[PDB]
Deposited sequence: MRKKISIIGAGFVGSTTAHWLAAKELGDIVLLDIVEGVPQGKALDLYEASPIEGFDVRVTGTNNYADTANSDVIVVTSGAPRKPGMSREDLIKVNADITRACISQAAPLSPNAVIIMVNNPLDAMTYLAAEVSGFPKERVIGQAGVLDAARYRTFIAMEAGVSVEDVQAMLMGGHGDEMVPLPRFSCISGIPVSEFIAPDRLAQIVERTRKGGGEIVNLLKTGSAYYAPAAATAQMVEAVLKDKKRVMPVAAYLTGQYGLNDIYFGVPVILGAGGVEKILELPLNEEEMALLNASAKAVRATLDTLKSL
């Protein structure tokens, strides 16, 4: 069976483990620095197996040795000061996990996402195609949900692409969204679409403001799990993910949210969209922001 190790058994990590286990995608190892937590969450999930009908081992641990030979490593352990804290956490997680699973595809979820993925690439020394970050799938999912709700159509028929990072760094691309092949712009008028784009930008904060003490985890976990599935089943999904750029969109030496074909080899293709001047202005501004964070990290 395939093996997936999830580093950080918090809300996102445990929820991700649940979806992966339910789909029988492989044995799951939940690791955390806090003793008892991962073991308890793993056992709780495991005990749901006779009810849900899945046969995969779900174990919790505090020892990185148990993550050896994983096919995929998901990192959901994150917390100017934010970069510092998360940078140390990421270096610690990757430096211990990477060596034990040399052929794994690493999927970063920790924030600041683009920068942390870049760091994981540096620390692991893995081929760039095998180190990616989850960000765009979640943001596109929120956009798709809003579009489906406004248009009054099935979420199964709404598809969309976007780039960059989260919040102000997000590069919306409404032009590159369709409903069963039909432009979204044919269903939703300009002003309403602009409102939906703005809601997408602030999507994470909207959940935080409602929860008061926590952040979103259901959609973030679903997005992460869909990426893991794409790798394990070599599905060649077309999705926006944080990938290492070598000239695409005029960008070099940087991890940025871009459309890719995701499969068993990780990023199997970075798609180059024919962005117009307005869209490129947005991308360039985002890249500048992402670049700043990266320079601070260095």
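Q: In sequence order, what intervals of the deposited sequence carry no C-alpha positions?
A: According to the record, the gaps fall at 1, 81-88, 308-309.
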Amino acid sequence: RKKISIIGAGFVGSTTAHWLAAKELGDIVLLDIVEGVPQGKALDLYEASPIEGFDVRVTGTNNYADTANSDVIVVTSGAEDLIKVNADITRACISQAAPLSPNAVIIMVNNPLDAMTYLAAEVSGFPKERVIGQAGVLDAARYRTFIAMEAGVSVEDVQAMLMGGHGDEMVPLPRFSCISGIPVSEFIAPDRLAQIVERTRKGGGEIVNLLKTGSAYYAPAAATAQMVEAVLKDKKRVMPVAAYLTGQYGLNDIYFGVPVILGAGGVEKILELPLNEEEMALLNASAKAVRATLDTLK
From here on, numbers count along this sequence of modelled residues.
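Q: Averaging only over Cα atoms, indicate whether 217-225 or 82-90 has the higher B-factor in the PDB entry.
A: It is 82-90 that shows the higher mean C-alpha B-factor.
Q: Could you check which stretch, 152-160 or 125-133, carries the larger mean CA temperature factor in the entry?
A: Comparing 152-160 with 125-133, the higher mean C-alpha B-factor belongs to 125-133.
Q: Among 112, 174, 181, 204, which residue carries the highest C-alpha B-factor recorded in the PDB entry?
A: Among 112, 174, 181, 204, the highest C-alpha B-factor in the entry belongs to 112.
Q: Using the entry's values, work out which of 47, 234, 66, 268 has the largest Cα B factor.
A: Within the set 47, 234, 66, 268, 66 shows the top C-alpha B-factor.
Q: Please rank the C-alpha B-factors of the chain's modelled residues and tell me whether residue 198 sits in the lowest, middle or highest third.
A: For residue 198, whose C-alpha B-factor we compare with every modelled residue in the chain, the answer is the middle third.
Q: Please place residue 117 in the lowest, middle or highest third of its chain by C-alpha B factor as given in the entry.
A: For residue 117, the deposited C-alpha B-factor lands in the middle third.
Q: Quick check for you: using the entry's CA B-factors within this chain, is residue 145 in the lowest, middle or highest third?
A: Residue 145: CA B-factor falls in the lowest third of its chain.
Q: Would the CA B-factor of residue 168 place it in the lowest, middle or highest third of its chain?
A: Within its chain, residue 168 is a highest-third residue by C-alpha B-factor, going by the deposited values.
Q: Consider only the C-alpha atoms of the modelled residues in this chain, order them by B-factor as the entry records it, and name the third containing residue 105: lowest, middle or highest.
A: Its C-alpha B-factor, which the entry lists for residue 105, ranks in the middle third among residues of this chain.
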